[PDB]
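To start, the structure itself, in structure tokens.
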Amino acid sequence: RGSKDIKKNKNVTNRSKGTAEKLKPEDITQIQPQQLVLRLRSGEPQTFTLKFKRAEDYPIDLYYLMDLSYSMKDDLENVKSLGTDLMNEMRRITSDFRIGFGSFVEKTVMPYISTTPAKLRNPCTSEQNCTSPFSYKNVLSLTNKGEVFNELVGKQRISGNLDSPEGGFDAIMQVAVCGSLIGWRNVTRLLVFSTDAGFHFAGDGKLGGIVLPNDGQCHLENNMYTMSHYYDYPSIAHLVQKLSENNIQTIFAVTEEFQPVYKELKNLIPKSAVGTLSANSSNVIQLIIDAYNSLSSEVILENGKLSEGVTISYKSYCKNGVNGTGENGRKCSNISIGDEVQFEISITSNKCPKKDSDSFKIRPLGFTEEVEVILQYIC
Amino acid sequence: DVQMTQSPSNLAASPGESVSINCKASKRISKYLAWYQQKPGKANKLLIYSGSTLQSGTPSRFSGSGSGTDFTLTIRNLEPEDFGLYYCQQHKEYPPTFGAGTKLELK
Amino acid sequence: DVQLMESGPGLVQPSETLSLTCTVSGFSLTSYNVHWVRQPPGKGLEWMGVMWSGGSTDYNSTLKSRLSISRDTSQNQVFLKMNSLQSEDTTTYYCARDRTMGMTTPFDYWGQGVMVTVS
Amino acid sequence: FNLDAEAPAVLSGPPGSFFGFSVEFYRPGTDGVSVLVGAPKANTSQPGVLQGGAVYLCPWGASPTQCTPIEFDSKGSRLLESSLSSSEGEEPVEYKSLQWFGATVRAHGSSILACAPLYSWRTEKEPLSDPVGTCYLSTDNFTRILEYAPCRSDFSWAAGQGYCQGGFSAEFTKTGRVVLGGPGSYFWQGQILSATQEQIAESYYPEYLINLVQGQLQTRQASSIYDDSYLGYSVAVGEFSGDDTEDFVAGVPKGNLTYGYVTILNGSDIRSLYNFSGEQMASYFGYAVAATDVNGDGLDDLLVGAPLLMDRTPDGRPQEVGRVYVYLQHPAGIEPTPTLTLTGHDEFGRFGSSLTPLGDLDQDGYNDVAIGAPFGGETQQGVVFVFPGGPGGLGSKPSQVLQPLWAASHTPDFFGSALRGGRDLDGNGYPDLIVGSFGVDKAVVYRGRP
Ligand SMILES: *[C@@H]1O[C@H](CO)[C@@H](O[C@@H]2O[C@H](CO)[C@@H](O[C@@H]3O[C@H](CO[C@H]4O[C@H](CO)[C@@H](O)[C@H](O[C@H]5O[C@H](CO)[C@@H](O)[C@H](O)[C@@H]5O)[C@@H]4O)[C@@H](O)[C@H](O[C@H]4O[C@H](CO)[C@@H](O)[C@H](O)[C@@H]4O)[C@@H]3O)[C@H](O)[C@H]2NC(C)=O)[C@H](O)[C@H]1NC(C)=O
Ligand SMILES: *[C@@H]1O[C@H](CO)[C@@H](O[C@@H]2O[C@H](CO)[C@@H](O[C@@H]3O[C@H](CO)[C@@H](O)[C@H](O[C@H]4O[C@H](CO)[C@@H](O)[C@H](O)[C@@H]4O)[C@@H]3O)[C@H](O)[C@H]2NC(C)=O)[C@H](O)[C@H]1NC(C)=O
Ligand SMILES: *[C@@H]1O[C@H](CO)[C@@H](O[C@@H]2O[C@H](CO)[C@@H](O[C@@H]3O[C@H](CO)[C@@H](O)[C@H](O)[C@@H]3O)[C@H](O)[C@H]2NC(C)=O)[C@H](O)[C@H]1NC(C)=O
Ligand SMILES: *[C@@H]1O[C@H](CO)[C@@H](O[C@@H]2O[C@H](CO)[C@@H](O[C@@H]3O[C@H](CO)[C@@H](O)[C@H](O)[C@@H]3O)[C@H](O)[C@H]2NC(C)=O)[C@H](O)[C@H]1NC(C)=O
Ligand SMILES: *[C@@H]1O[C@H](CO)[C@@H](O[C@@H]2O[C@H](CO)[C@@H](O[C@@H]3O[C@H](CO)[C@@H](O)[C@H](O)[C@@H]3O)[C@H](O)[C@H]2NC(C)=O)[C@H](O)[C@H]1NC(C)=O
Ligand SMILES: *[C@@H]1O[C@H](CO)[C@@H](O[C@@H]2O[C@H](CO)[C@@H](O[C@@H]3O[C@H](CO)[C@@H](O)[C@H](O)[C@@H]3O)[C@H](O)[C@H]2NC(C)=O)[C@H](O)[C@H]1NC(C)=O
Ligand SMILES: *[C@@H]1O[C@H](CO)[C@@H](O[C@@H]2O[C@H](CO)[C@@H](O[C@@H]3O[C@H](CO)[C@@H](O)[C@H](O)[C@@H]3O)[C@H](O)[C@H]2NC(C)=O)[C@H](O)[C@H]1NC(C)=O
Ligand SMILES: *[C@@H]1O[C@H](CO)[C@@H](O[C@@H]2O[C@H](CO)[C@@H](O)[C@H](O)[C@H]2NC(C)=O)[C@H](O)[C@H]1NC(C)=O
Ligand SMILES: *[C@@H]1O[C@H](CO)[C@@H](O[C@@H]2O[C@H](CO)[C@@H](O)[C@H](O)[C@H]2NC(C)=O)[C@H](O)[C@H]1NC(C)=O
Ligand SMILES: *[C@@H]1O[C@H](CO)[C@@H](O[C@@H]2O[C@H](CO)[C@@H](O)[C@H](O)[C@H]2NC(C)=O)[C@H](O)[C@H]1NC(C)=O
Ligand SMILES: *[C@@H]1O[C@H](CO)[C@@H](O)[C@H](O)[C@H]1NC(C)=O
Ligand SMILES: [Ca+2]
Ligand SMILES: [Ca+2]
Ligand SMILES: [Ca+2]
Ligand SMILES: [Ca+2]
Ligand SMILES: [Ca+2]
Ligand SMILES: [Ca+2]
Ligand SMILES: [Ca+2]
């Protein structure tokens with residue numbers, strides 16, 4: 001009959017000794033059983049307990065992606081000092097914080113912008129001395145220098161386009177997938193998406209003649225997104241896939257008007273938060289702090305593709321005795337700093353996958369730590 | 001560039017009568033002609049546009065007609081305040097062009 | 001309550017630059033075009049130029065070398081600057097309004113006009 | 001199950017011309033049956049026009065078939081008549097380059113309707129770049145050709161009808177009345193415009209670029225809260241009232257907070273009869289629409305495609321697999337919730353990307369339906385599914401699956417992105433099907449076996 005074995009079970013890094021116990025991001029351990037092997041009899045379930053413990057001082061990387069339509073000029077005037085204020089704030093949370101900036105308006109093609117030469121040179125009125133439209137621009141890669149962020153954000157120029165919805169999903173996809181060009185580390189990755197309008201998505205390119213689906217590859221040349229005219233907008237499913245694949249945790253800072261839209265978007269996108277932005281981005285720091293608390297106080301578990309005859313189930317035993325089952329059993333809430341929770345993972349097999357030593361992985365969303373499961377079939 | 005020629009340079013009429021003013025274009029301009037009134041001490045006032053559509057405040061005794069190159073403005077019952085100057089503007093293409101104007105005086 | 005009001009010097013020397021102002025009310029200059037039209041002493045109306053709603057300008061081809069049109073959205077004012085000439089004496093100038101983006105219309109409102117003498 | 005999938009006829013067009021973006025049947029009487037294929041990016045002989053787009057006539061029979069373009073318009077871009085006299089030099093009042101002519105092609109009797117959604121035009125007053133869109137209507141087998149651009153009007157800007165892009169979708173009613181959809185009117189609220197061929201031919205006056213067709217039917221402008229709805233993204237015609245005038249089915253993919261909805265407009269006067277709402281945000285509910293009686297009751301039934309719907313596998317992984325909703329009509333009306341829903345299996349396949357009635361393909365007494373997934377299949381070349389009708393409604397399992405016979409290339413083939421069925425090219429009693437594969441500039445004709 002079925003049997004179970006554990007190969008790697010290093011204990012959590014509590015560092016209860018004190019502040020003297022500094023650790024590298026890879027040295028910190030938050031998931032206790034790092035490896036298992038299970039022997040499955042056809043139709044016989046096997047289960048094991050999985051333990052998670054939130055760390056204390058995990059580093060943070062934050063990328064600030066901002067809309068630059070003319071309505072966001074006052075917002076930019078306030079975001080100018082974020083490179084200092086936000087670092088001062090986050091120093092209460094983590095000892096190692098890095099920040100970066102990016103901007104976007106819209107696809108530069110026929111229906112979404114005015115294509116007369118005068119409007120291509122200046123999309124706004126003459127008094128509103130806007131610059132030419134652009135798809136996405138990586139202004140500052142992730143860094144720990146606040147004054148550089150301040151200066152570079154100060155030197156940016158406002159722009160504009162025609163239709164109210166903005167093409168920020170192109171920028172989101174590029175930020176998620178471009179990796180080294182942005183400097184993401186294997187730490188808490190926060191993407192702050194700021195805007196005051198709706199969003200385009202896949203299928204809107206047909207109006208402009210863009211029928212080729214987004215491929216999800218990085219297409220930055222000189223920190224500019226070049227293929228905006230060639231690929232359609234991403235779909236929400238594609239964004240979900242890539243964001244969850246690259247450990248990006250999203251914070252939607254949008255104005256009061258579009259809260260109903262972005263709340264549903266948040267419901268669709270895993271491990272994301274939404275906040276109400278002021279008319280000129282004056283409360284953005286508090287939005288970021290609240291969203292970070294909300295995200296870091298929750299745990300969600302993911303597993304890879306399983307063989308055809310294999311199935312999995314979750315049961316979560318969170319704090320204060322509140323537990324869950326089904327899709328709710330792979331999640332816990334209110335995990336405080338230093339808190340500990342447990343999950344019960346149940347696997348079953350109904351066939352004989354040709355006597356192969358199959359395997360798959362389980363991890364909490366937003367982290368690179370994984371638990372490796374090896375499956376063997378008694379057949 | 002459309003040249004507009006307005007036929008009667010001067011008109012004489014008495015209150016209660018009816019008059020017609022003709023404005024002609026050098027090229028066919030569909031229905032896009034507008035009529036204006038100018039009293040000596042006030043600004044020009046739009047009466048009719050698109051050939052026959054009255055502006056909101058226009059009294060019903062004003063009516064427009066014609067299409068293509070020939071248009072006409074008809075005043076049905078002349079009250080004493082209808083005497084003044086009248087212009088025709090074509091609003092089909094730029095630059096705007098206007099008729100020379102017609103002056104309506106008592107008989 | 002749309003209203004276009006016109007102002008400018010009543011008498012200018014042949015060498016000075018003639019400056020005129022059209023003060024508007026009841027609408028924003030960023031939504032409508034404001035035109036400049038002139039009527040010589042015994043002729044019909046002539047179009048001079050337009051201040052587009054977007055802030056750019058276009059001029060009558062014959063007068064383009066002499067004209068200069070500007071605006072001040074804060075003050076709701078549109079300006080016309082021109083080289084003066086005696087042969088254009090006792091000509092009257094008007095500013096009118098029309099829309100070209102959206103529901104296009106003819107000149108739907110006019111000013112009272114200002115008469116400028118050159119000596 | 002009786003489509004000749006082992007040896008279909010393949011039509012080829014110029015490389016890179018998107019040959020096969022839209023397909024249609026043509027027979028102007030006298031059994032001169034033919035296949036119409038649109039090539040929105042094809043080069044043409046029009047002076048000064050770059051990639052103006054073209055429509056190809058491909059007569060059926062005579063063993064191999066050669067496709068030749070139709071000259072709907074042999075002239076280049078018109079010039080602004082003011083510019084001719086102006087010392088500044090001549091200006092084009094019109095932009096036909098990259099107009100995507102042939103993006104949609106429809107036929108009824110001896111009349112053909114081909115549209116150019118990307119056609120632009122600068123007003124005669126101010127130098128704008130409005131993409132109004134335009135259509136050309138061939139009549140009496142090309143003996144007369146009329147331009148029909150209803151959105152080229154006095155509302156000349158995005159705030160008006162300037163960005164209407166009329167002809168983005170179009171269709172003929174069974175009487176021949178023309179129906180167009182402009183997704184762009186009134187800040188992308190969208191619009192539906194309809195007129196009869198008699199009205200168009202009566203009001204024709206080519207020298208007036210702006211010329212209103214008397215008796216035209218169109219929807220009214222709404223408040224700003226309805227902006228960005230894309231009404232008219234897709235259109236279809238069917239009978240959904242107790243009358244004999246076909247009613248307009250239109251898709252609104254972004255209507256209700258990015259939840260789509262499909263509205264059926266009364267044929268006699270263009271006014272709303274029913275509304276149907278999507279189930280998931282940003283699923284593009286209404287990307288495609290169709291109307292045909294699938295359960296043999298004689299009452300047309302509605303089909304809506306949502307190619308971007310996201311579902312979760314039993315394992316728990318989310319995946320993008322489109323969905324199609326079926327609404328059966330009944331004598332008391334048509335209920336607001338779908339009777340059946342079909343879901344795709346290939347991730348990113350976009351299952352509900354296109355739709356077409358097939359007629360009674362197997363002549364069993366119930367009409368069938370074909371659904372295309374342009375990025376399905378193992379190689380992502382695209383797939384087309386055939387679903388059989390039945391007394392209880394559309395079946396849940398495809399009775400046939402059509403895939404390209406050629407090998408995959410560096411670029412997607414988009415097989416199944418355009419479809420058209422319900423007509424017979426052989427003279428048999430069995431309707432045929434034509435599938436567009438514009439990704440490789442090919443169109444495939446499938447014939448129903450007896
Ligand atoms: C399916 O779903 C769609 C989408 O939700 C529904 O479509 C919407 O239906 C509602 C309800 O009918 C529409 O709102 C109403 O619109 C009418 C029509 O207005 C037109 O006619 C007026 C004269 O009758 C005219 O004055 C209007 O013009 C004014 O307004 C427009 C902007 O609306 C403006 O551009 C103009 O300059 C004018 O200012 C217009 O031509 C309207 O009469 C209704 O008014 C009532 O409600 C308002 C407040 O809502 C109130 O102030 C009024 O006094 C009156 O009580 C109302 O606005 C809406 O426009 C439709 N939207 C679209 C995109 O079509 C559809 O009905 C659903 N069908 C079914 C079967 O469920
Ligand atoms: C741009 O500015 C220029 C310079 O100011 C301006 O040119 C002027 O145009 C008017 C109108 O065409 C000209 O006035 C004409 O003068 C001749 C005599 O020289 C008259 O014969 C004309 O009247 C005849 O034609 C009328 C219309 O057909 C009839 O109504 C009338 O009964 C006569 O038959 C007319 O008065 C003027 O001479 C020129 N000036 C110069 C210097 O060229 C031009 O109009 C402006 N552009 C626009 C679009 O307004
Ligand atoms: C959610 O799951 C957890 C984990 O299985 C459940 O915890 C259980 O809580 C009960 C009540 O506190 C415990 O009962 C007592 O436990 C003590 C030891 O802590 C023991 O000495 C007593 O004899 C008694 O059994 C139980 O042990 C504990 N189980 C585990 C595995 O920790 C929790 O009850 C669940 N939630 C609900 C609402 O049931
Ligand atoms: C329709 O006809 C036009 C014009 O013949 C075609 O565009 C032309 O395509 C050729 C080949 O792709 C281009 O030549 C190439 O240009 C590049 C860039 O300069 C150069 O590196 C190559 O060595 C080669 O010379 C040519 O520039 C281009 N012309 C224009 C104006 O774009 C078009 O491809 C045709 N379309 C279809 C669907 O047939
Ligand atoms: C409707 O219009 C189409 C398009 O013109 C007609 O099809 C065309 O008809 C002409 C005349 O029969 C065909 O010309 C013939 O071409 C062959 C070579 O292919 C030549 O050997 C003959 O001497 C003659 O010139 C032409 O090929 C044909 N084109 C296509 C694409 O089929 C059609 O006949 C018209 N229908 C009616 C009912 O008038
Ligand atoms: C605009 O779209 C929203 C979202 O689809 C529509 O609200 C949705 O309406 C449906 C049907 O009334 C609700 O479904 C119901 O859910 C309950 C459980 O909560 C279930 O018991 C019912 O059987 C039914 O399935 C759905 O919850 C609701 N969602 C939201 C977010 O409100 C709304 O009606 C649409 N408005 C228009 C004018 O189309
Ligand atoms: C779709 O639109 C058509 C056209 O508006 C609707 O048909 C119209 O229905 C009205 C109401 O029944 C008819 O008015 C009636 O006329 C009779 C005289 O025939 C009079 O006695 C009644 O008092 C009333 O005024 C109207 O004539 C008729 N028009 C046509 C062309 O048939 C139709 O009802 C609409 N469909 C739906 C489902 O609403
Ligand atoms: C619009 O803004 C641009 C950028 O600020 C202005 O161009 C700058 O002009 C200054 C002074 O002439 C130069 O020192 C910069 O090098 C210019 N930069 C660029 C990118 O052009 C431009 O003059 C402004 N125009 C208006 C009408 O406001
Ligand atoms: C961050 O984590 C990823 C995922 O574990 C690491 O990806 C590995 O990269 C090395 C490059 O030398 C490869 O050899 C491994 O095969 C990769 N593993 C996986 C699972 O993708 C990545 O190296 C980590 N980055 C750092 C700086 O440690
Ligand atoms: C951002 O918010 C507003 C944007 O208009 C401005 O601050 C306002 O300043 C006035 C004058 O002191 C106060 O009466 C308002 O209460 C302020 N409102 C807000 C929201 O701050 C200013 O542009 C910015 N204010 C900041 C950053 O404090
Ligand atoms: C636990 O989490 C839930 C999540 O909705 C929250 O409402 C509640 O306030 C939390 N309670 C504590 C004690 O953290
Ligand atoms: Ca904006
Ligand atoms: Ca703002
Ligand atoms: Ca936009
Ligand atoms: Ca009907
Ligand atoms: Ca039916
Ligand atoms: Ca059948
Ligand atoms: Ca056949």
Side-chain angles (χ1 to χ4, degrees), chain A residues 126-127, chain B residues 1 3-4 36-45 84-85 87 89 94-101 103, chain C residues 2-30 32-98 107-119, chain D residues 86-88:
Chain A
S126 293
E127 299 82 19
Chain B
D1 192 3
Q3 275 60 40
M4 302 301 302
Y36 295 87
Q37 183 192 21
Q38 156 155 55
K39 291 169 180 178
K42 337 198 172 63
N44 280 254
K45 197 158 315 322
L85 273 157
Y87 297 100
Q89 185 213 52
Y94 267 35
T97 51
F98 315 83
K103 193 163 195 14
Chain C
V2 176
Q3 178 171 0
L4 291 90
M5 243 305 304
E6 289 178 31
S7 176
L11 165 62
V12 298
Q13 306 287 302
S15 57
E16 328 193 7
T17 298
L18 173 59
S19 299
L20 304 179
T21 307
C22 183
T23 305
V24 308
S25 185
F27 66 99
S28 69
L29 294 174
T30 51
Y32 296 92
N33 313 325
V34 175
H35 298 252
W36 281 101
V37 193
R38 76 176 187 176
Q39 174 163 38
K43 324 285 280 300
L45 294 155
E46 299 174 4
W47 176 72
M48 308 202 64
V50 61
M51 161 62 64
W52 300 115
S53 62
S56 53
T57 60
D58 266 32
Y59 311 85
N60 172 324
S61 313
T62 306
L63 313 175
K64 155 154 51 46
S65 59
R66 298 167 59 198
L67 293 178
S68 174
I69 294 164
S70 180
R71 75 176 177 186
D72 185 353
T73 59
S74 179
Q75 301 291 103
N76 288 310
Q77 283 180 336
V78 181
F79 311 102
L80 176 78
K81 295 184 182 278
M82 199 200 340
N83 172 39
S84 177
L85 286 175
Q86 166 36 299
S87 54
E88 304 172 327
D89 165 2
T90 53
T91 185
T92 306
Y93 300 98
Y94 303 91
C95 54
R97 186 193 82 162
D98 78 343
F107 290 8
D108 54 4
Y109 285 93
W110 289 72
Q112 312 247 331
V114 288
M115 204 257 310
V116 179
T117 306
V118 184
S119 178
Chain D
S86 294
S87 55
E88 180 58 23

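Order of the sequence lines fixes the chain letters, A, B, ..., with proteins taken first and strands second; residue numbering starts at 1 for each chain.
The ring pair (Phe, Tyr, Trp, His ring centres under 6.0 Å) check on C/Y32 picks up C/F27, with sequence neighbours excluded. Not a single side chain to side chain donor-acceptor pair (under 3.5 Å) links C/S65 to another residue, sequence neighbours left out. Partners of C/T73 according to the side chain to side chain donor-acceptor pair (under 3.5 Å) rule, which considers only residues two or more places apart in sequence or in another chain, do not exist here. When the side-chain contact (heavy atoms from CB on, under 4.5 Å) test is applied to C/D98, the partners found at least two apart in sequence or on another chain are B/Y94, C/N33, C/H35, C/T100, C/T105, C/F107. By the side chain to side chain donor-acceptor pair (under 3.5 Å) test, C/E16 is found to be paired with no residue, residues two or more places apart in sequence or in another chain being considered. Residues that satisfy the side-chain contact (heavy atoms from CB on, under 4.5 Å) test with C/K64, not counting sequence neighbours, are C/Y59. Taking the side-chain contact (heavy atoms from CB on, under 4.5 Å) definition, one finds that C/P9 meets it with C/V12, C/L18, C/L20, sequence neighbours left out. In this view, B/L85 and B/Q38, B/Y87, B/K103 satisfy the side-chain contact (heavy atoms from CB on, under 4.5 Å) rule, not counting sequence neighbours. Annotation: salt bridge (charged side-chain N to carboxylate O under 4.0 Å, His left out) contacts of C/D108 (sequence neighbours excluded): C/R97. Scanning for side chain to side chain donor-acceptor pair (under 3.5 Å) contacts around C/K81 gives C/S19, with sequence neighbours left out.
C/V118 places none of its side-chain heavy atoms less than 4.5 Å from the side chain of C/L85. In this structure, C/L11 and C/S119 have side chains that are in contact, with non-hydrogen atoms separated by less than 4.5 Å. Side-chain contact between C/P40 and C/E46: present, with at least one pair of heavy atoms (C-beta onward) separated by less than 4.5 Å.
Separating the OG1 atom in C/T62 from the CG atom in C/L67 is a distance of 10.0 Å, to the nearest 0.5 Å. For the atom pair OG1 of C/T90 and CD of C/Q39, the computed distance is 10.5 Å after rounding to the nearest 0.5 Å. Within the model, atoms CD of C/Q3 and OH of C/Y109 stand 11.0 Å from one another, a figure rounded to the nearest 0.5 Å. Remark: C/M5 CE to C/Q77 CD distance equals 10.5 Å, nearest 0.5 Å. Here C/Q112 contributes atom CD and C/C95 contributes atom SG; the two are 10.5 Å apart, rounded to the nearest 0.5 Å.
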Step-by-step side chain to side chain contact (heavy atoms under 4.5 Å, CB included) determination, C/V37 to B/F98: CA-CA 10 Å; C/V37 193; B/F98 315 83; 4.0 Å; yes
Working note: C/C22 + C/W36, criterion side chain to side chain contact (heavy atoms under 4.5 Å, CB included); need CA distance, chi angles, decisive distance, verdict. CA-CA 9 Å; C/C22 183; C/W36 281 101; 3.8 Å; yes
Trace of the side chain to side chain contact (heavy atoms under 4.5 Å, CB included) decision for C/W47 with C/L45: CA-CA 7 Å; C/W47 176 72; C/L45 294 155; over 6 Å; no
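For the pair C/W110 and B/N44, the tightest heavy-atom approach, listed with the atom from each and the gap, is CG-CB, 3.5 Å. Smallest separation of non-hydrogen atoms from B/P95 and B/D1: CG-OD1, 4.2 Å. Nearest heavy-atom pair, B/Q89 versus B/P96, reported as atom, atom and distance to 0.1 Å: NE2-CB, 3.9 Å. Minimum interatomic distance between C/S56 and A/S126 (heavy atoms only, all atoms of both residues): N-OG, 3.7 Å.
Listed by first then second residue, pairs satisfying salt bridge (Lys or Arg N to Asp or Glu O under 4.0 Å) with a partner in residues 3-13 of chain C number zero, not counting sequence neighbours. Residue pairs meeting the salt bridge (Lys or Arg N to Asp or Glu O under 4.0 Å) criterion with at least one partner in residues 65-74 of chain C, sequence neighbours excluded, are A/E127-C/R71, C/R66-C/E88.
Remark: D/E88 CD is loosely packed, at most 12 non-hydrogen atoms of other residues, nucleotides or ligands lying under 6.0 Å away.
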